[PDB]
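Number of protein chains: 4
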Amino acid sequence: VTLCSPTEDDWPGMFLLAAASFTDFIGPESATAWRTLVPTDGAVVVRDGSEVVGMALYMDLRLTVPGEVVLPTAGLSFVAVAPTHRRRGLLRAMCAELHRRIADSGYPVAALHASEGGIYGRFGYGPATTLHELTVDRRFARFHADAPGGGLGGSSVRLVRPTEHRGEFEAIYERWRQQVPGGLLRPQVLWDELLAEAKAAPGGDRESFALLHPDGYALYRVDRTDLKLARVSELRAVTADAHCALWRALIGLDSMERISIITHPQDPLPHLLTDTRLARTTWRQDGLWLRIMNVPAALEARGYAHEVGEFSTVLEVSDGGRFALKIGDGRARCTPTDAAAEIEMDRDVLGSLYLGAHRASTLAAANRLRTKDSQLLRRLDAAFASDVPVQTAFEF
Amino acid sequence: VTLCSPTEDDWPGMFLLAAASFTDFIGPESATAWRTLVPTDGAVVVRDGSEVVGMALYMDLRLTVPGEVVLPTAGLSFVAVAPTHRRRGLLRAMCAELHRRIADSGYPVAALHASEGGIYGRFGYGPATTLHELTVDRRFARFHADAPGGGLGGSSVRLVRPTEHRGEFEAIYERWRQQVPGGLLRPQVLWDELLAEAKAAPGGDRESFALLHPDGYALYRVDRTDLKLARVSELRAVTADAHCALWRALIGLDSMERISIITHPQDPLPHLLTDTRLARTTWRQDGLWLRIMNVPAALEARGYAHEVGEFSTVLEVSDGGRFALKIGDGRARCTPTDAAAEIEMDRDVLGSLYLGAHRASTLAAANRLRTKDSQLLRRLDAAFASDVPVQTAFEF
Amino acid sequence: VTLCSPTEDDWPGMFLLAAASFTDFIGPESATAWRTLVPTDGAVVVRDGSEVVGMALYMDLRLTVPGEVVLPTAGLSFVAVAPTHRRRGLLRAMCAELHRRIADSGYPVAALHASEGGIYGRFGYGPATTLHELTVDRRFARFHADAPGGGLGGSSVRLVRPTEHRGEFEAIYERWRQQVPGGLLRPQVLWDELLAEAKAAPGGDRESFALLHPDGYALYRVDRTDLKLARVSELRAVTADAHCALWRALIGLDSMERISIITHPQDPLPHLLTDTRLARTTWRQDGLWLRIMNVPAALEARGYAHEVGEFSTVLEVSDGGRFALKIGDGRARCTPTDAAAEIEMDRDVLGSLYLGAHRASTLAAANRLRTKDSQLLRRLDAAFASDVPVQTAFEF
Amino acid sequence: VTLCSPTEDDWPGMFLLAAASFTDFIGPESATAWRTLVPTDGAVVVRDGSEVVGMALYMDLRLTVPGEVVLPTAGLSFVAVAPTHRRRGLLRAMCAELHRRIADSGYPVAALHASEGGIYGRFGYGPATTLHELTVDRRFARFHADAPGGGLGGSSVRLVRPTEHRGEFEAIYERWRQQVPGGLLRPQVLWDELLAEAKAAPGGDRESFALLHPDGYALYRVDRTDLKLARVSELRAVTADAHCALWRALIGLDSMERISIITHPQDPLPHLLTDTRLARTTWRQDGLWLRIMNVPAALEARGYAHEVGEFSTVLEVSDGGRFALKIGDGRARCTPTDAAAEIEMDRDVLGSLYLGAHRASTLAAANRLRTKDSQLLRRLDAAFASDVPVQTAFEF
Ligand SMILES: Nc1nc(SCC(=O)NCCN2CCCCC2)nc2sc3c(c12)CCCCC3
Ligand SMILES: Nc1nc(SCC(=O)NCCN2CCCCC2)nc2sc3c(c12)CCCCC3
Ligand SMILES: Nc1nc(SCC(=O)NCCN2CCCCC2)nc2sc3c(c12)CCCCC3
Ligand SMILES: Nc1nc(SCC(=O)NCCN2CCCCC2)nc2sc3c(c12)CCCCC3
Ligand SMILES: [Cl-]
Ligand SMILES: [Cl-]
Ligand SMILES: [Cl-]
Ligand SMILES: [Cl-]
Ligand SMILES: [Cl-]
Ligand SMILES: [Cl-]
Ligand SMILES: [Cl-]
Ligand SMILES: [Cl-]
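Here it is in structure tokens:
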């Protein structure tokens with residue numbers, strides 16, 4: 003068992019491991035696009051004597071955090087151990103090497119989408135965003151009097167072929183990702199990939215349609231099997247008007263019984279309707295997971311709630327450092343100290359708090375976050391909260 | 003069509019209307035217990051010429071709000087129009103009369119549990135708490151190292167017959183309801199009713215069991231049809247230790263595949279497990295609905311976040327008054343004014359904000375809450391938030 | 003194997019055979035009511051050497071036929087062979103003896119409800135009425151402008167306890183059964199039985215409610231398991247106004263998603279709605295089966311379409327006689343002849359034609375009805391048709 | 003918003019609207035065949051300022071009506087409003103313009119297949135044929151002694167590839183459509199299309215097989231997912247012998263559990279079996295919808311029952327004219343009058359009566375058809391009835 007950077011000869015062995023480990027595999031011909039996001043030394047493989059029995063890599067990503075700050079992010083992906091080589095500490099070795107490389111390269115944070123919720127906590131990954139599926143029975147949906155864009159005149163929304171309006175979608179997304187915590191820069195190769203999935207596949211997914219507004223878009227397709235269900239794959243709205251106009255159009259798909267979307271807990275859609283209950287939550291799951299690589303750099307980089315008074319404390323991350331933490335005027339200063347710790351938590355807990363998706367009070371109730379001062383807990387709660395609700399950009 | 007207070011002769015007609023309008027009817031012999039909570043003049047009926059074709063009443067309740075303040079609450083229940091008399095404005099007439107009576111009696115707030123989510127908004131009722139069903143696959147559930155009560159020695163939890171420990175359940179509940187927003191005083195007649203439902207019914211519900219801790223309890227029964235599913239009907243925990251100890255015991259029901267509970271969004275259970283995903287959200291719905299009867303009295307009665315600086319504004323409720331609102335040191339002063347309104351909202355929106363379950367930002371995004379100052383929105387958000395997460399006490 | 007009339011000692015053996023042969027058994031204590039409709043010599047049993059291994063009886067019924075004529079009808083019921091004694095010609099022997107008795111007693115027709123559709127044809131029983139289940143999604147149901155009782159004022163329909171309005175239901179039913187082909191006289195013992203099934207059963211059927219009009223009623227209960235489905239067990243309407251008023255009330259059961267009723271193919275309900283498709287046909291099956299015992303007596307007893315000119319023919323029933331048939335002024339004369347047969351059919355086919363539910367053309371297309379004159383076929387079609395659509399009264 | 007005839011440049015915009023409005027879309031390359039049936043000025047589109059936001063067209067069809075008379079029929083199809091432009095009266099404007107064009111062109115009737123049952127009544131379209139799905143459990147199916155083609159010798163039915171016997175299918179269909187009310191002329195381009203759907207599609211529909219008789223054919227394929235179910239897509243039989251022979255062959259598909267067919271209520275198949283119940287009705291729905299464009303021309307063009315005596319009346323269609331109607335010797339004369347109306351009905355009701363599928367008595371019971379003379383109702387019933395049962399030709 004050897005652990006090293008893959009050579010060009012190693013990749014066919016990696017794609018074989020990938021096909022047997024991931025069911026949703028797009029093959030090795032759309033792997034060209036995703037490979038461009040893997041830096042030199044971004045990947046590790048484990049050989050037996056010889057076939058690939060273990061692999062893992064990171065991708066160079068740009069992650070928006072509260073205060074509209076953009077962090078270089080190491081995106082963990084393509085992590086697999088052969089079924090022949092389980093319970094052999096290969097994952098632990100591969101994860102330890104990549105984290106070494108990611109830290110030495112100067113990434114403040116790493117991120118991943120979890121295949122299971124029970125693996126990544128012990129690696130210091132905490133769930134940081136929440137996926138929220140809403141299903142609307144659009145046959146009963148009436149918009150509230152208070153809702154925008156209910157007046158006469160034309161709709162500002164057009165039904166369009168996605169492939170013909172790439173430039174417009176990019177510019178809306180680019181604005182969206184820069185102003186929303188959880189936002190990711192979407193490179194050109196991923197727009198290429200997104201608009202190739204937009205066409206109908208033979209005995210597969212149906213043609214994608216687009217609803218386009220000056221300040222928003224929605225990509226949707228009818229479900230393969232349930233022909234009364236429209237799945238919104240992606241809805242990006244920069245303004246409240248765009249979000250309403252796009253939903254007014256989706257509720258007007260008169261041949262559909264149900265619109266479903268994977269969105270965030272704070273999606274205002276339920277409040278646009280006279281009956282909030284018509285937008286049922288049909289699924290909830292952790293979205294993006296964060297490992298804080300550098301505590302001082304990550305805590306100093308993000309903005310904090312202006313609405314909490316200046317305060318100071320000592321934060322200990324288990325095997326991650328102890329820090330004098332001082333937060334005021336929505337900025338933090340995080341400096342080394344050996345003074346008595348007022349707050350203790352494992353590294354994964356800090357990832358979970360970092361984007362505002364989880365409350366310090368909630369993690370404290372489960373004893374994942376230790377302090378003896380409930381005042382300090384209320385202050386952490388308020389300071390780490392996000393004015394702009396945290397969303398999930400796209401799976402990697 | 004006449005609208006008046008029912009006489010003793012009217013109640014058999016009301017029970018007939020009730021049987022035909024509500025499927026979950028416990029009959030007229032457990033209606034004796036619930037009737038004790040209806041004050042003199044708490045009920046209206048509509049007769050045709056003569057049978058009961060319309061009814062509605064309120065019950066005298068005590069509702070805990072943020073700051074551990076207990077408000078007299080008019081609990082709307084038993085609202086029905088005969089299928090023979092729909093679309094005749096009977097509900098509008100009955101609701102207008104009860105609201106007249108509730109206001110004149112000096113109730114600051116009214117509350118209800120909604121049969122449908124599309125009826126009650128136009129009456130100034132906003133959804134104020136969120137029901138959150140968690141289902142645990144307890145076969146995979148391992149408690150986190152950080153979780154409390156994982157050490158050796160005895161369990162502080164006992165498996166007991168509910169009927170034999172009424173006094174203990176009352177005292178824990180009484181502590182719970184006083185410290186939690188959404189908490190309701192549970193009168194003796196409702197403890198009588200709760201412990202009569204605890205015994206097995208012939209070709210019906212199975213026997214209820216209780217897990218008792220000094221500072222918490224859990225009532226659960228196996229599902230009628232799914233014999234691998236335990237439904238926790240009620241879990242009241244005053245301390246984090248009690249909540250963990252009770253969940254450790256429930257995860258030890260080795261003959262069950264699944265534990266389900268209807269809880270609140272901030273339940274710390276997912277964070278007690280090594281795999282947060284094992285506690286799936288399988289259902290979400292609005293719980294208690296609030297109508298603010300008296301805006302000044304309700305806004306002044308509750309506590310506000312100490313962690314936001316003193317601030318002042320002018321609040322207009324549509325057909326509910328305009329008010330100079332001044333919040334600081336976690337107290338509000340709400341006084342009449344004709345000065346230009348900075349915040350506008352319908353009455354139902356204020357009910358939705360009142361217990362901290364919904365964010366002003368979220369309601370603002372849907373244009374249910376109008377202001378031109380985003381700073382003022384952040385301040386409302388922070389001030390109306392609840393330190394103690396809001397829960398739902400019991401259905402009425 | 004002996005075939006004779008049962009003695010009082012034989013009935014416990016018959017009830018044992020009944021319990022093992024029929025799953026929907028109401029026991030031997032509601033068998034007292036149904037036994038009153040069995041005449042002396044109405045029953046046969048087969049013993050082995056001794057237990058009951060075979061039984062069959064008829065009940066004295068009154069059946070309305072086209073022209074509002076009421077015929078004495080032998081109602082076959084309680085027919086069973088022990089699982090120990092199949093393929094032994096016991097059914098053939100029992101059916102031959104009862105038919106001997108029924109004919110000698112002077113019954114023009116026999117009738118039954120079929121447990122299977124493949125048994126009774128060879129005994130000369132033809133399906134004569136059609137059961138038609140309509141399910142309305144009442145959430146979309148709007149009444150047509152043209153529909154009756156859409157104006158202001160009170161509803162003429164009352165929601166009532168069935169047990170309190172027995173007299174009213176009897177008088178409406180009594181009018182209904184006399185004016186509708188397929189109508190049965192419902193004796194007092196069967197009203198006793200019907201209103202005992204109207205109360206809720208412990209871990210069984212839910213309480214029955216009644217909608218009462220001067221000229222109609224509807225009995226309905228919520229389904230045991232599907233709590234959004236109301237089953238209308240029985241709807242008797244003497245006028246079009248009563249039928250609409252009752253359906254307006256049923257569509258007003260706002261807690262239900264679906265109303266289902268077992269009705270007849272010509273039920274006007276679909277045409278009362280702006281969307282005829284909302285009343286889906288979810289089930290169709292043969293209802294009452296007729297064996298014509300005496301061809302001349304049965305053909306002469308019923309009325310014929312006044313709208314077809316006088317005509318004459320020769321009808322042969324296979325092993326049932328040949329007859330000169332002369333129809334005009336809505337009366338028939340049926341007399342013996344040896345003249346060449348113009349129409350041939352088995353006896354079961356005549357039962358199927360007798361109430362107007364099946365067209366001679368349709369049975370001719372399947373060669374169940376032979377003639378060489380298509381003019382004569384059109385004339386039979388028109389003459390045997392029923393002005394008043396044929397309905398099914400009640401199962402026996 | 004402009005309403006005009008589409009130009010060649012408008013059609014790609016129409017196909018985009020079509021893809022987003024209809025899930026069962028065959029694309030724009032089989033749209034060439036269907037476009038040949040659209041006359042010059044057969045289509046309208048609505049543009050916004056510019057994309058197609060509304061479209062509708064008619065096709066030139068030939069519809070057989072009672073008396074084997076063939077009417078030029080305007081077949082409405084391809085009707086869609088963009089989800090962006092609902093509740094803007096675009097459908098009303100497009101339908102009013104096409105109906106203007108259809109009337110001025112001299113079409114006596116228009117027809118459509120309804121996407122929903124609640125749209126087309128207000129446009130004067132009445133459901134005129136009834137689709138009836140029969141499912142046979144062919145494992146229990148035994149043919150009656152009386153049924154044709156049960157004797158020895160060869161089967162007159164051959165199992166064949168459809169593509170190799172186009173000429174034979176055309177000639178049988180051509181005979182069928184000319185002798186059956188509801189029959190449509192099937193042009194060459196639609197035979198091209200029908201035999202292209204007969205071959206297996208990759209990850210789609212299975213290969214179609216044909217059973218060919220001198221006087222009938224049946225096209226069937228195994229269901230995609232249920233491999234024990236054969237769907238008969240089309241069965242055309244000119245004689246009773248052909249219908250039996252084809253069904254004898256289908257019942258001989260020994261690898262199938264179930265044969266299903268969409269047929270008409272008067273299909274004689276149930277009567278060919280010893281057990282009529284084995285042919286279950288598993289689905290019922292309205293088929294073709296008729297709008298009578300010219301009342302006098304349509305009423306005079308069709309044949310009437312010879313078996314009803316000569317009679318005269320005055321018929322008023324709401325906003326459609328008042329007419330002296332005189333029916334005798336199976337012909338009608340329909341002439342202008344201002345004499346008192348004896349029969350009133352909306353235009354849609356007349357479409358529903360026109361092919362004999364619905365009885366005047368049934369529509370009268372729902373007050374869709376007003377008269378004060380029940381004798382006149384019986385006469386309408388009998389006269390409008392169809393000797394040959396009405397069938398549905400093919401969807402457009
Ligand atoms: N990181 C990549 N993503 C995608 S599609 C976006 C997505 O939903 N990912 C979650 C699921 N995921 C799909 C297959 C892989 C592993 C698991 N496609 C590819 S292809 C590929 C990579 C990759 C990884 C980086 C470069 C090697 C080849
Ligand atoms: N307010 C009452 N609650 C209950 S059980 C607790 C519950 O889950 N209620 C929601 C469902 N609900 C059950 C039946 C009634 C209306 C709807 N039982 C009764 S019985 C009764 C009332 C009442 C209302 C007040 C006094 C008259 C009789
Ligand atoms: N003829 C009778 N009907 C009924 S309930 C009405 C009904 O839906 N019948 C169809 C089903 N059926 C139920 C049980 C018996 C056989 C099959 N109950 C009884 S009880 C009984 C008879 C009978 C038959 C005549 C007298 C002996 C005892
Ligand atoms: N009238 C047409 N029919 C068909 S397939 C036969 C069928 O089952 N139609 C009902 C469903 N229908 C399918 C797609 C269209 C609208 C709805 N295909 C096409 S393609 C097409 C038309 C058309 C309409 C006339 C010319 C433009 C393009
Ligand atoms: Cl690489
Ligand atoms: Cl996503
Ligand atoms: Cl009272
Ligand atoms: Cl609850
Ligand atoms: Cl007897
Ligand atoms: Cl029945
Ligand atoms: Cl054209
Ligand atoms: Cl068809």
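Residue numbers (PDB author numbering), protein chains in the order written: chain A, 3 to 51, 56 to 402; chain B, 3 to 51, 56 to 402; chain C, 3 to 51, 56 to 402; chain D, 3 to 51, 56 to 402.
The beta carbon of each residue, even a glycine, is placed where N, CA and C say it ideally should be.
ask   = If contact means a Cβ-Cβ distance below 8 Å, which residues of the stretch 200–221 of chain C contact chain B?
value = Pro-208, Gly-209, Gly-210, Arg-212, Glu-213, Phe-215 and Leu-217
task = At 9 Å on the CB atoms, spell out the chain D contacts of A:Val-228, in chain order.
result = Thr-25
request  = Closer than 6 Å is what we want: which residues have a beta carbon that near any heavy atom of ligand 9? List them in chain order.
outcome  = C:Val-40, C:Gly-44 and C:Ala-45
message = Assuming D:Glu-180 is part of the alpha helix (DSSP H), what are its boundary residues?
response = 172–185
inquiry  = Does chain B have any CB closer than 7 Å to the CB of C:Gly-258?
reply    = yes
message = For a test of the three-state rule: what should DSSP assign to residue 55 of chain D, helix, strand or coil?
response = Within chain D, the sequence of modelled residues goes 51 then 56, so residue 55 of chain D has no position in this structure.
message = As a quick exercise: from C:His-171, C:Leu-82, C:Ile-178 and C:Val-85, pick the residue whose alpha carbon is nearest that of C:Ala-248.
response = C:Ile-178
inquiry  = For D:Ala-86, which residues in the same chain have their Cβ closer than 6 Å to its Cβ, ignoring the five residues on either side in sequence?
reply    = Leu-19, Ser-23 and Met-61
inquiry  = ligand 12 and D:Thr-79: does the residue's C-beta get closer than 6 Å to at least one heavy atom of that ligand?
reply    = no
task = Flag A:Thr-398 as yes when its Cβ comes closer than 6 Å to any non-hydrogen atom of ligand 6, and as no otherwise.
result = yes
key: CB contact flag (B:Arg-164, B:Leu-241, <7 Å)   = no
message = Checking 7 Å against the spacing of the C-beta atoms, do D:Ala-116 and D:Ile-125 come in under that value?
response = no
request  = Could you say which of B:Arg-283, B:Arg-286, B:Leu-382 and B:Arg-290 lies nearest to B:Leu-331 if we only look at CA atoms?
outcome  = B:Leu-382
key: Presumed contact (8 Å Cβ cut-off) between A:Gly-132 and A:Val-320, rounded CB distance   = Going by Cβ atoms, the distance from A:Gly-132 to A:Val-320 rounds to 21 Å, so no, they are not a contact pair.
message = Taking the alpha-carbon of D:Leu-294 as reference, which of D:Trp-253, D:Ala-363, D:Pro-276 and D:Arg-227 has the nearest alpha-carbon?
response = D:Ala-363
query = How would you write the range of the alpha helix (DSSP H) that B:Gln-381 sits in, first residue to last?
reply = 380–390
request  = Just the chain D side, please: which residues come within less than 7 Å of C:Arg-353 by C-beta, in chain order?
outcome  = Those do not exist, as C:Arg-353 stays about 12 Å from chain D at its closest Cβ, beyond 7 Å.
task = Locate the alpha helix (DSSP H) running through A:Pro-14, then write down its first and last residues.
result = 13–23
ask   = Which partner residues does A:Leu-200 have in the DSSP bridge list?
value = According to DSSP, A:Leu-200 bridges with nothing at all.
request  = Output, in chain order, the set of chain C residues within a Cβ distance shorter than 9 Å of B:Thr-4.
outcome  = Near B:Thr-4 there are no residues of chain C at all, since even the closest Cβ is about 13 Å away, more than 9 Å.
Three-state secondary structure (DSSP) of B:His-138 = strand
inquiry  = For a contact defined as C-beta to C-beta under 8 Å, what are the partners of B:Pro-302 on chain A?
reply    = Chain A residues near B:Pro-302: none, gap ~23 Å exceeds 8 Å.
request  = Classify D:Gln-397 as buried or exposed, calling it buried when 16 or more other Cβ atoms lie within 10 Å of its own Cβ.
outcome  = buried
key: A:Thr-4 versus D:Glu-263 - alpha carbon distance   = 58 Å
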